[PDB]
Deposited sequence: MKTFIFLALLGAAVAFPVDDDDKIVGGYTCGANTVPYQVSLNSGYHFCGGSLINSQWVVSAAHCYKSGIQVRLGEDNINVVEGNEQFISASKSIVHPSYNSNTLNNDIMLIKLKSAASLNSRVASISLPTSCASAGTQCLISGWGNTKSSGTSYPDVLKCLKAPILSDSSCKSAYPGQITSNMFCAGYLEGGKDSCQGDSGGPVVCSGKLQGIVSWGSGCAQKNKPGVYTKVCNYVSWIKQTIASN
């Protein structure tokens, strides 16, 4: 997160760190047994770390739970990054409390200008901060999104952030949450680097995937 601020400890209780030796991506807890993240974050082995703030210090309120299943969207395209979404089933249910909580899936898509909260331990320009970073940022119109990335924005992508630059999610934030009005509307997906002028962050449009997410949870 560039141009952000340090989150209050555990103030983002749906935020998880994906770890395979070190932190490599974010995710969002959306069910006691399931985390949603980005398909481009895929690894065959993943430890989910919930209740984190300082990922480099054992504070005590963390829950470390290995991934038992990892399901990438069947129509995920690694070129266009269309359908950049992945579900992780936890080996055991996360225990929900004040510091570890589910975030609601969208009830509808979000209108342009809706204020969101983006968070992660990604780059802020060894590279990554210890402490979870936060950024407030608005949903941009589909127009501003498409203008910025001609021919590259599908119906499954939203831009969230600032055309001006200096405020954006970066590598390491990938797979992490964009939450607007209590609902997970975006998953950190891609961009042209980060925080550059007229290159706002591009995010998987979660409001298109509620039925696929529910189906996947129901089946597995």
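Check your understanding: Counting from 1 along the deposited sequence, which stretches lack C-alpha positions?
Key -> Gaps vs deposited seq, in order: 1-23, 149-151.
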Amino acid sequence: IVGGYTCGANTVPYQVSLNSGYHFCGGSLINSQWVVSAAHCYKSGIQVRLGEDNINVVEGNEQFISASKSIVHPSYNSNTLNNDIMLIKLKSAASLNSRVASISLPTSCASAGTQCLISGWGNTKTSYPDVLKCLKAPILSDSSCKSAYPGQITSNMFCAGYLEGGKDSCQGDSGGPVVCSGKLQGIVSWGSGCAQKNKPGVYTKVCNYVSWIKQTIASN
From here on, numbers count along this sequence of modelled residues.
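Take the two forms, superpose them, and find the largest set of C-alpha atoms that agree within 1.5 Å; that set is the rigid core.
Review point. In 8 other deposited structures of this protein, superposed by the rigid core, which stretch departs further from the shown form in CA positions, 113-121 or 127-135?
Key: Taking the RMS over all superposed structures in 8 other deposited structures of this protein, 127-135 lies farther out.
Check your understanding: Mean CA B-factor: is it higher for 140-148 or for 101-109?
Key -> So the stretch with the higher mean C-alpha B-factor is 140-148.
Practice item. On mean C-alpha B-factor from the PDB entry, just flag whether 167-175 or 60-68 is the higher one. Key: Per the PDB record, 60-68.
Practice item. Pick out which of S119, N77, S127, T114 has the highest C-alpha B-factor in the PDB entry. Key: Spelled out: the listed residue with the top C-alpha B-factor is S127.
Check your understanding: Which one of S37, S192, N31, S189 shows the biggest C-alpha B-factor in the PDB entry?
Key -> Going by the entry's C-alpha B-factors, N31 comes out highest.
Point to revise | B-factor third for the C-alpha atom of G182 within its chain | key: As the PDB entry reports it, the C-alpha B-factor of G182 lands in the highest third of its chain.
Review point. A218's Cα B-factor: lowest, middle or highest third of the chain?
Key: Its C-alpha B-factor, which the entry lists for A218, ranks in the highest third among residues of this chain.
Exercise for review: Would you please rank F158 by its C-alpha temperature factor against the other modelled residues of its chain and give the third it falls in: lowest, middle or highest?
Suggested key: Tercile = lowest for this residue's CA B-factor.
Point to revise | Ranked against its chain, the third holding the CA B-factor of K197 | key: Its C-alpha B-factor, which the entry lists for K197, ranks in the highest third among residues of this chain.
Check your understanding: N10: which third of its chain by C-alpha temperature factor?
Key -> Highest third, going by the recorded CA B-factors of the chain.
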